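Peer 1: Just entry.pdb, nothing more (PDB, C-alpha atoms):
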```
ATOM      1  CA  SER E   5     -79.680 467.745  25.146  1.00  0.00           C
ATOM      2  CA  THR E   6     -78.739 464.213  26.195  1.00  0.00           C
ATOM      3  CA  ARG E   7     -80.261 460.753  25.805  1.00  0.00           C
ATOM      4  CA  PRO E   8     -79.404 458.319  28.627  1.00  0.00           C
ATOM      5  CA  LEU E   9     -77.366 455.397  27.340  1.00  0.00           C
ATOM      6  CA  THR E  10     -76.693 452.200  29.290  1.00  0.00           C
ATOM      7  CA  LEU E  11     -73.579 450.054  29.496  1.00  0.00           C
ATOM      8  CA  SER E  12     -74.816 446.947  31.285  1.00  0.00           C
ATOM      9  CA  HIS E  13     -73.463 443.700  32.702  1.00  0.00           C
ATOM     10  CA  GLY E  14     -75.779 441.644  34.894  1.00  0.00           C
ATOM     11  CA  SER E  15     -76.643 443.369  38.168  1.00  0.00           C
ATOM     12  CA  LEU E  16     -74.191 446.125  37.262  1.00  0.00           C
ATOM     13  CA  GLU E  17     -74.773 449.088  34.958  1.00  0.00           C
ATOM     14  CA  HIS E  18     -73.770 452.678  34.261  1.00  0.00           C
ATOM     15  CA  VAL E  19     -75.437 455.325  32.094  1.00  0.00           C
ATOM     16  CA  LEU E  20     -73.540 457.714  29.825  1.00  0.00           C
ATOM     17  CA  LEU E  21     -75.400 460.970  29.147  1.00  0.00           C
ATOM     18  CA  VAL E  22     -74.278 461.236  25.523  1.00  0.00           C
ATOM     19  CA  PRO E  23     -75.276 464.441  23.689  1.00  0.00           C
ATOM     20  CA  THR E  24     -78.226 463.935  21.360  1.00  0.00           C
ATOM     21  CA  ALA E  25     -76.021 464.621  18.322  1.00  0.00           C
ATOM     22  CA  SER E  26     -73.917 461.450  18.701  1.00  0.00           C
ATOM     23  CA  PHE E  27     -76.395 459.120  20.420  1.00  0.00           C
ATOM     24  CA  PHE E  28     -76.575 456.938  17.300  1.00  0.00           C
ATOM     25  CA  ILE E  29     -72.797 456.423  17.231  1.00  0.00           C
ATOM     26  CA  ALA E  30     -72.768 455.808  20.980  1.00  0.00           C
ATOM     27  CA  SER E  31     -75.494 453.169  20.608  1.00  0.00           C
ATOM     28  CA  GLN E  32     -73.697 451.483  17.699  1.00  0.00           C
ATOM     29  CA  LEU E  33     -70.477 451.163  19.693  1.00  0.00           C
ATOM     30  CA  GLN E  34     -72.516 450.051  22.714  1.00  0.00           C
ATOM     31  CA  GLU E  35     -74.139 447.247  20.715  1.00  0.00           C
ATOM     32  CA  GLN E  36     -70.735 446.098  19.492  1.00  0.00           C
ATOM     33  CA  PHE E  37     -69.380 446.220  23.057  1.00  0.00           C
ATOM     34  CA  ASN E  38     -72.400 444.213  24.213  1.00  0.00           C
ATOM     35  CA  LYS E  39     -71.267 441.620  21.685  1.00  0.00           C
ATOM     36  CA  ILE E  40     -67.729 441.779  23.092  1.00  0.00           C
ATOM     37  CA  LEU E  41     -68.569 441.921  26.804  1.00  0.00           C
ATOM     38  CA  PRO E  42     -68.917 438.223  27.734  1.00  0.00           C
ATOM     39  CA  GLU E  43     -72.063 436.961  29.453  1.00  0.00           C
ATOM     40  CA  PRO E  44     -72.095 437.427  33.247  1.00  0.00           C
ATOM     41  CA  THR E  45     -71.847 434.954  36.114  1.00  0.00           C
ATOM     42  CA  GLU E  46     -72.464 434.952  39.868  1.00  0.00           C
ATOM     43  CA  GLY E  47     -70.263 437.775  41.153  1.00  0.00           C
ATOM     44  CA  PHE E  48     -68.580 438.244  37.753  1.00  0.00           C
ATOM     45  CA  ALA E  49     -65.659 436.243  39.181  1.00  0.00           C
ATOM     46  CA  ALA E  50     -64.374 434.993  35.824  1.00  0.00           C
ATOM     47  CA  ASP E  51     -61.728 436.223  33.419  1.00  0.00           C
ATOM     48  CA  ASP E  52     -62.573 439.132  31.103  1.00  0.00           C
ATOM     49  CA  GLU E  53     -65.651 440.494  32.914  1.00  0.00           C
ATOM     50  CA  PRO E  54     -66.035 443.589  35.113  1.00  0.00           C
ATOM     51  CA  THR E  55     -66.708 443.470  38.838  1.00  0.00           C
ATOM     52  CA  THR E  56     -67.468 447.195  39.260  1.00  0.00           C
ATOM     53  CA  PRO E  57     -69.074 449.852  37.034  1.00  0.00           C
ATOM     54  CA  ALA E  58     -65.737 451.669  36.797  1.00  0.00           C
ATOM     55  CA  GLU E  59     -64.193 448.487  35.392  1.00  0.00           C
ATOM     56  CA  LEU E  60     -66.928 448.181  32.763  1.00  0.00           C
ATOM     57  CA  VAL E  61     -66.682 451.825  31.694  1.00  0.00           C
ATOM     58  CA  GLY E  62     -62.916 451.404  31.410  1.00  0.00           C
ATOM     59  CA  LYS E  63     -63.433 448.278  29.316  1.00  0.00           C
ATOM     60  CA  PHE E  64     -65.671 450.280  26.983  1.00  0.00           C
ATOM     61  CA  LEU E  65     -63.008 453.009  26.938  1.00  0.00           C
ATOM     62  CA  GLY E  66     -60.462 450.442  25.793  1.00  0.00           C
ATOM     63  CA  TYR E  67     -62.818 449.012  23.190  1.00  0.00           C
ATOM     64  CA  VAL E  68     -63.441 452.438  21.653  1.00  0.00           C
ATOM     65  CA  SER E  69     -59.745 453.345  21.872  1.00  0.00           C
ATOM     66  CA  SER E  70     -58.929 450.244  19.833  1.00  0.00           C
ATOM     67  CA  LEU E  71     -61.308 451.355  17.066  1.00  0.00           C
ATOM     68  CA  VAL E  72     -59.943 454.906  16.987  1.00  0.00           C
ATOM     69  CA  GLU E  73     -56.791 455.405  14.920  1.00  0.00           C
ATOM     70  CA  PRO E  74     -54.240 458.034  16.023  1.00  0.00           C
ATOM     71  CA  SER E  75     -53.666 460.721  13.388  1.00  0.00           C
ATOM     72  CA  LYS E  76     -56.302 461.435  10.731  1.00  0.00           C
ATOM     73  CA  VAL E  77     -59.503 459.977  12.182  1.00  0.00           C
ATOM     74  CA  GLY E  78     -63.128 461.054  12.460  1.00  0.00           C
ATOM     75  CA  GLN E  79     -65.044 457.889  13.300  1.00  0.00           C
ATOM     76  CA  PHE E  80     -65.029 457.581  17.100  1.00  0.00           C
ATOM     77  CA  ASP E  81     -62.921 460.444  18.493  1.00  0.00           C
ATOM     78  CA  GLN E  82     -65.918 462.357  19.853  1.00  0.00           C
ATOM     79  CA  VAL E  83     -67.489 459.393  21.647  1.00  0.00           C
ATOM     80  CA  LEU E  84     -64.077 458.482  23.068  1.00  0.00           C
ATOM     81  CA  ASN E  85     -63.588 461.989  24.459  1.00  0.00           C
ATOM     82  CA  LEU E  86     -67.106 462.094  25.903  1.00  0.00           C
ATOM     83  CA  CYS E  87     -66.760 458.772  27.718  1.00  0.00           C
ATOM     84  CA  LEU E  88     -63.265 459.771  28.868  1.00  0.00           C
ATOM     85  CA  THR E  89     -64.595 462.941  30.489  1.00  0.00           C
ATOM     86  CA  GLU E  90     -67.489 460.949  31.955  1.00  0.00           C
ATOM     87  CA  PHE E  91     -65.078 458.414  33.470  1.00  0.00           C
ATOM     88  CA  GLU E  92     -62.808 461.124  34.873  1.00  0.00           C
ATOM     89  CA  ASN E  93     -65.725 463.010  36.427  1.00  0.00           C
ATOM     90  CA  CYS E  94     -67.532 459.961  37.827  1.00  0.00           C
ATOM     91  CA  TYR E  95     -64.676 457.729  39.013  1.00  0.00           C
ATOM     92  CA  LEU E  96     -61.287 459.488  39.114  1.00  0.00           C
ATOM     93  CA  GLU E  97     -62.452 462.680  40.844  1.00  0.00           C
ATOM     94  CA  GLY E  98     -59.322 464.813  40.518  1.00  0.00           C
ATOM     95  CA  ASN E  99     -57.037 461.941  41.496  1.00  0.00           C
ATOM     96  CA  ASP E 100     -54.916 459.552  39.425  1.00  0.00           C
ATOM     97  CA  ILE E 101     -55.792 456.226  37.851  1.00  0.00           C
ATOM     98  CA  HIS E 102     -53.629 454.268  40.294  1.00  0.00           C
ATOM     99  CA  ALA E 103     -55.557 455.769  43.214  1.00  0.00           C
ATOM    100  CA  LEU E 104     -58.756 454.391  41.679  1.00  0.00           C
ATOM    101  CA  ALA E 105     -57.005 451.056  41.136  1.00  0.00           C
ATOM    102  CA  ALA E 106     -56.010 450.874  44.803  1.00  0.00           C
ATOM    103  CA  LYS E 107     -59.522 451.885  45.864  1.00  0.00           C
ATOM    104  CA  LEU E 108     -61.114 449.134  43.770  1.00  0.00           C
ATOM    105  CA  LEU E 109     -58.526 446.636  45.014  1.00  0.00           C
ATOM    106  CA  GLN E 110     -59.165 447.449  48.689  1.00  0.00           C
ATOM    107  CA  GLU E 111     -62.759 448.604  49.232  1.00  0.00           C
ATOM    108  CA  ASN E 112     -64.261 446.407  46.482  1.00  0.00           C
ATOM    109  CA  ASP E 113     -63.846 442.878  45.045  1.00  0.00           C
ATOM    110  CA  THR E 114     -61.496 443.201  42.065  1.00  0.00           C
ATOM    111  CA  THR E 115     -58.444 441.147  41.166  1.00  0.00           C
ATOM    112  CA  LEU E 116     -55.039 442.674  40.504  1.00  0.00           C
ATOM    113  CA  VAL E 117     -55.223 441.641  36.841  1.00  0.00           C
ATOM    114  CA  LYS E 118     -58.542 443.410  36.260  1.00  0.00           C
ATOM    115  CA  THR E 119     -57.328 446.649  37.849  1.00  0.00           C
ATOM    116  CA  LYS E 120     -54.102 446.521  35.834  1.00  0.00           C
ATOM    117  CA  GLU E 121     -56.316 446.111  32.767  1.00  0.00           C
ATOM    118  CA  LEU E 122     -58.334 449.157  33.844  1.00  0.00           C
ATOM    119  CA  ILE E 123     -55.163 451.239  34.204  1.00  0.00           C
ATOM    120  CA  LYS E 124     -54.006 450.045  30.786  1.00  0.00           C
ATOM    121  CA  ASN E 125     -57.339 450.947  29.191  1.00  0.00           C
ATOM    122  CA  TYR E 126     -57.489 454.409  30.750  1.00  0.00           C
ATOM    123  CA  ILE E 127     -53.938 455.335  29.750  1.00  0.00           C
ATOM    124  CA  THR E 128     -54.318 453.900  26.242  1.00  0.00           C
ATOM    125  CA  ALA E 129     -57.530 455.870  25.723  1.00  0.00           C
ATOM    126  CA  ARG E 130     -55.909 459.042  27.059  1.00  0.00           C
ATOM    127  CA  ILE E 131     -53.042 458.803  24.587  1.00  0.00           C
ATOM    128  CA  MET E 132     -55.273 457.689  21.692  1.00  0.00           C
ATOM    129  CA  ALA E 133     -57.514 460.736  22.158  1.00  0.00           C
ATOM    130  CA  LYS E 134     -54.434 462.997  21.877  1.00  0.00           C
ATOM    131  CA  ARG E 135     -54.773 463.840  25.578  1.00  0.00           C
ATOM    132  CA  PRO E 136     -51.122 463.575  26.673  1.00  0.00           C
ATOM    133  CA  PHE E 137     -50.165 463.612  30.352  1.00  0.00           C
ATOM    134  CA  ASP E 138     -48.538 466.970  29.632  1.00  0.00           C
ATOM    135  CA  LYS E 139     -49.935 468.738  32.722  1.00  0.00           C
ATOM    136  CA  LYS E 140     -47.809 468.572  35.861  1.00  0.00           C
ATOM    137  CA  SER E 141     -49.435 466.465  38.554  1.00  0.00           C
ATOM    138  CA  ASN E 142     -50.798 467.561  41.930  1.00  0.00           C
ATOM    139  CA  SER E 143     -49.168 464.638  43.752  1.00  0.00           C
ATOM    140  CA  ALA E 144     -49.036 465.306  47.478  1.00  0.00           C
ATOM    141  CA  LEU E 145     -45.527 463.848  47.695  1.00  0.00           C
ATOM    142  CA  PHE E 146     -44.046 466.156  45.065  1.00  0.00           C
ATOM    143  CA  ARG E 147     -45.930 469.170  46.420  1.00  0.00           C
ATOM    144  CA  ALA E 148     -44.400 468.432  49.827  1.00  0.00           C
ATOM    145  CA  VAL E 149     -40.983 468.136  48.184  1.00  0.00           C
ATOM    146  CA  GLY E 150     -41.533 471.516  46.549  1.00  0.00           C
ATOM    147  CA  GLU E 151     -42.483 473.225  49.803  1.00  0.00           C
ATOM    148  CA  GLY E 152     -39.645 471.470  51.662  1.00  0.00           C
ATOM    149  CA  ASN E 153     -41.669 468.995  53.741  1.00  0.00           C
ATOM    150  CA  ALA E 154     -40.102 465.918  52.111  1.00  0.00           C
ATOM    151  CA  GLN E 155     -36.755 464.713  50.782  1.00  0.00           C
ATOM    152  CA  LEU E 156     -36.597 461.965  48.157  1.00  0.00           C
ATOM    153  CA  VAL E 157     -33.794 459.513  47.411  1.00  0.00           C
ATOM    154  CA  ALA E 158     -34.121 457.049  44.537  1.00  0.00           C
ATOM    155  CA  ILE E 159     -32.701 453.539  44.959  1.00  0.00           C
ATOM    156  CA  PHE E 160     -32.329 450.879  42.267  1.00  0.00           C
ATOM    157  CA  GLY E 161     -32.151 447.127  42.781  1.00  0.00           C
ATOM    158  CA  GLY E 162     -30.011 444.462  41.162  1.00  0.00           C
ATOM    159  CA  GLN E 163     -29.810 440.697  40.908  1.00  0.00           C
ATOM    160  CA  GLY E 164     -31.133 438.119  43.349  1.00  0.00           C
ATOM    161  CA  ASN E 165     -34.426 439.799  44.256  1.00  0.00           C
ATOM    162  CA  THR E 166     -36.748 437.617  42.160  1.00  0.00           C
ATOM    163  CA  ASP E 167     -36.762 434.464  40.062  1.00  0.00           C
ATOM    164  CA  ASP E 168     -38.866 435.912  37.196  1.00  0.00           C
ATOM    165  CA  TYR E 169     -37.955 439.520  36.397  1.00  0.00           C
ATOM    166  CA  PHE E 170     -39.003 439.104  32.767  1.00  0.00           C
ATOM    167  CA  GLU E 171     -42.533 438.772  34.077  1.00  0.00           C
ATOM    168  CA  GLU E 172     -42.079 442.279  35.492  1.00  0.00           C
ATOM    169  CA  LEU E 173     -40.908 443.420  32.058  1.00  0.00           C
ATOM    170  CA  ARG E 174     -43.967 441.811  30.472  1.00  0.00           C
ATOM    171  CA  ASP E 175     -46.210 443.611  32.955  1.00  0.00           C
ATOM    172  CA  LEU E 176     -44.516 446.880  32.003  1.00  0.00           C
ATOM    173  CA  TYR E 177     -44.875 446.180  28.274  1.00  0.00           C
ATOM    174  CA  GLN E 178     -48.560 445.227  28.543  1.00  0.00           C
ATOM    175  CA  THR E 179     -49.952 447.684  31.094  1.00  0.00           C
ATOM    176  CA  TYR E 180     -47.996 450.806  30.074  1.00  0.00           C
ATOM    177  CA  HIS E 181     -47.243 449.954  26.446  1.00  0.00           C
ATOM    178  CA  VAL E 182     -48.053 453.503  25.358  1.00  0.00           C
ATOM    179  CA  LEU E 183     -45.465 455.079  27.701  1.00  0.00           C
ATOM    180  CA  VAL E 184     -42.526 452.634  27.604  1.00  0.00           C
ATOM    181  CA  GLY E 185     -43.024 450.900  24.255  1.00  0.00           C
ATOM    182  CA  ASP E 186     -40.688 453.275  22.444  1.00  0.00           C
ATOM    183  CA  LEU E 187     -38.128 452.904  25.238  1.00  0.00           C
ATOM    184  CA  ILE E 188     -38.231 449.105  25.080  1.00  0.00           C
ATOM    185  CA  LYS E 189     -38.064 449.144  21.270  1.00  0.00           C
ATOM    186  CA  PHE E 190     -34.998 451.391  21.442  1.00  0.00           C
ATOM    187  CA  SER E 191     -33.416 449.137  24.072  1.00  0.00           C
ATOM    188  CA  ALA E 192     -34.015 446.019  21.968  1.00  0.00           C
ATOM    189  CA  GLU E 193     -32.530 447.698  18.895  1.00  0.00           C
ATOM    190  CA  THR E 194     -29.513 448.877  20.891  1.00  0.00           C
ATOM    191  CA  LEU E 195     -28.866 445.440  22.382  1.00  0.00           C
ATOM    192  CA  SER E 196     -29.207 443.744  18.994  1.00  0.00           C
ATOM    193  CA  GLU E 197     -26.715 446.219  17.533  1.00  0.00           C
ATOM    194  CA  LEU E 198     -24.311 445.702  20.444  1.00  0.00           C
ATOM    195  CA  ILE E 199     -24.458 441.944  19.898  1.00  0.00           C
ATOM    196  CA  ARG E 200     -24.025 442.368  16.137  1.00  0.00           C
ATOM    197  CA  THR E 201     -20.946 444.566  16.619  1.00  0.00           C
ATOM    198  CA  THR E 202     -19.075 442.717  19.417  1.00  0.00           C
ATOM    199  CA  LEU E 203     -16.585 440.089  18.270  1.00  0.00           C
ATOM    200  CA  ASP E 204     -17.967 436.849  19.761  1.00  0.00           C
ATOM    201  CA  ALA E 205     -20.991 438.131  21.685  1.00  0.00           C
ATOM    202  CA  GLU E 206     -23.253 435.790  19.716  1.00  0.00           C
ATOM    203  CA  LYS E 207     -21.697 432.838  21.572  1.00  0.00           C
ATOM    204  CA  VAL E 208     -22.943 433.924  25.003  1.00  0.00           C
ATOM    205  CA  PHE E 209     -26.351 434.684  23.453  1.00  0.00           C
ATOM    206  CA  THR E 210     -26.990 431.118  22.350  1.00  0.00           C
ATOM    207  CA  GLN E 211     -30.745 431.679  21.941  1.00  0.00           C
ATOM    208  CA  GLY E 212     -30.427 435.298  20.806  1.00  0.00           C
ATOM    209  CA  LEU E 213     -31.645 438.489  22.454  1.00  0.00           C
TER     210      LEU E 213
END
```
Can the structure from this file be put into structure tokens for me?
Peer 2:
Amino acid sequence: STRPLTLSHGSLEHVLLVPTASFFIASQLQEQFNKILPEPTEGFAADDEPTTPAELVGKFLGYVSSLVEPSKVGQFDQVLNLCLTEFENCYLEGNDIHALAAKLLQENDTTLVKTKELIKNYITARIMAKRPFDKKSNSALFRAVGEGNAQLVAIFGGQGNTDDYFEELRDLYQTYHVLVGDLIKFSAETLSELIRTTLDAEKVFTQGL
């Protein structure tokens, strides 16, 4: 029992086979997303528009994840879960989101910003739906390490590598907010406390921290 839905953008579309029970909710959210999804152009080569059906389904995933509220919530959890499973089955195979990002960056025409946005949307929707990444991965690298076919050493950089590292921090805070937001909040609190408890630290931090 399913009624074919359609998320559309110009010469680019994808159909979600929503169960007949929640087709009305799916259509309501789809109409709102149609309002949100900006009008198309030749090749969709403008900011805030998909270039591939996977991108558009991920954009809808993000839109619905924004409406859902973690904790007590009934409104859009079911539709979120359904479209999440649909996205995983139709685009991610059994692989990871970054593999799909690399695929869309190489074999298709998608910018780095759009694919980062897709990763952000997928991970945000996964955590919003109470679907934590609590299952150990099947990464080939770490399977090889387990069976003894690989040895890993971790190296960490320092100063002098780039002129704008805070842009890297902003990328981390935006793309993976749901994973490292607590860490960055804790770091900011710790640094503020360290400044507030060191004799004349506030002098070196002329514009604060």
Peer 1: Apply the PyMOL selection byres ((chain E and resi 56-59) around 9) to the displayed file and report the matching residues as a PyMOL selection string.
Peer 2: chain E and resi 11-13+16-18+53-55+60-64+91+94-95+104+108+112-114+118-119+121-122
Peer 1: With all atoms listed in the file as the atoms that count, which of E:105, E:90, E:124, E:76 lies nearest to residue 177 (chain E)?
Peer 2: E:124
Peer 1: Measuring between all atoms listed in the file, which one of E:82, E:14, E:71, E:168 shows the shortest distance to residue 43 (chain E)?
Peer 2: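 Of all the options, E:14 lies closest to residue 43 (chain E).
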Peer 1: Might you spell out which residues the PyMOL selection byres ((chain E and resi 129) around 8) would select in the displayed file, as a list in words?
Peer 2: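 Taken over the shown coordinates, the PyMOL selection byres ((chain E and resi 129) around 8) returns residues 65, 66, 68, 69, 84, 88, 125, 126, 127, 128, 130, 131, 132 and 133 of chain E.
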Peer 1: Using the file's own x, y and z axes, what box holds all listed atoms of region 53-59 of chain E with 3 Å on each side, keeping edges along x, y and z, and what are its centre and edge lengths in Å to one decimal, as JSON?
Peer 2:
```
{"center_x": -66.6, "center_y": 446.1, "center_z": 36.1, "size_x": 10.9, "size_y": 17.2, "size_z": 12.3}
```
Peer 1: Distance CA of residue 52 (chain E)-CA of residue 117 (chain E), one decimal place?
Peer 2: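 Separation of CA of residue 52 (chain E) and CA of residue 117 (chain E): 9.7 Å.
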